[PDB]
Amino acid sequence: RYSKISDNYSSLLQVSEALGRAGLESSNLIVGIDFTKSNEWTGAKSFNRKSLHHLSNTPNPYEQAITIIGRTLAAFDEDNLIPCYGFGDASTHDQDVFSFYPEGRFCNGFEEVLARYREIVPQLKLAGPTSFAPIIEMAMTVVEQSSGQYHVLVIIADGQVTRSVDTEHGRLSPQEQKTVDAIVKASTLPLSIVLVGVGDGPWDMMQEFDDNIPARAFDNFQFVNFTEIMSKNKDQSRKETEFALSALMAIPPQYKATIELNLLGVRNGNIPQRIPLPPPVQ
């Protein structure tokens, strides 16, 4: 379906226009970046055995993903203020996020997101394990503090949530329990969640993930495999639009649901205030 819609789009501007015709209006963007040690090995097949956070004169998968999403959503962003967070490094493990800037100051535009990313990356100690509960809970706090403005949280990651050793007997890890609880609670807020997968994966358990989440107020989650789409036999510009559409197509019906449920523009009243740690840098 995504390939069929994207086949006629050679410009990201065309994707933006399609999102608008589907009903998207003013939208803020929140970015969360996976800084786990796993990034050092998950480019074994897809990134010539370099770390996925490797910096050079050409953008790595994190930079590429941020650029495409940033460009596509920019026209909907009425303040251009993008709060950005890291998680999975030694300062946060699976418990916290850190803000890109001290005191949690927001980035001004996706270009500053990219620039600040490049500044921070070499100074980080990569760690683990992998949970998305802290980043989703941080996004919840931002949405609530904004008085219910619509936000899209984009998480870019190179692995699934850490599993239990006894997963074969149906057991969940604490990372899974807390991440899934967070996705459920998030649907009390006007928030869309997009998980962008970069690198080798594996990702095979993500095609069923959203369908297995417990009862929610609305379907608020979408997975997209960046690396798989960008590896297809398709010209570069149309691969980029296929990625943008696959990532964001679910967003306008989610937005309309926040309006139907009357979540837009109001406060929930039951959102813990998560405090992001400072960037562990110069």
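Sequential numbering from 1, following the sequence displayed.
Asks: Do the C-alpha atoms of 200-208 or of 168-176 have the higher average B factor in the entry?
Replies: It is 200-208.
Asks: Out of 139-147 and 100-108, which one has CA B-factors that are higher on average in the deposited record?
Replies: Per the PDB record, 100-108.
Asks: According to the deposited entry, which of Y62, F35, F47, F221 has the largest Cα B-factor?
Replies: The C-alpha B-factor peaks, among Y62, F35, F47, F221, at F47.
Asks: If you rank every modelled residue in this chain by C-alpha B factor, which third holds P83: lowest, middle or highest?
Replies: Middle third - that is where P83 ends up once the chain's C-alpha B-factors are sorted.
Asks: State the tercile, meaning the lowest, middle or highest third, of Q236 with respect to the CA B-factors recorded for its chain.
Replies: It falls in the middle third of the chain.
Asks: Relative to the other modelled residues in the chain, which third contains the C-alpha temperature factor of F132: lowest, middle or highest?
Replies: For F132, the deposited C-alpha B-factor lands in the lowest third.
Asks: Could you say whether, by C-alpha temperature factor, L124 belongs to the lowest, middle or highest third of its chain?
Replies: For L124, the deposited C-alpha B-factor lands in the highest third.
Asks: When the modelled residues of the chain are sorted by Cα temperature factor, does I69 land in the lowest, middle or highest third?
Replies: Lowest third - that is where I69 ends up once the chain's C-alpha B-factors are sorted.
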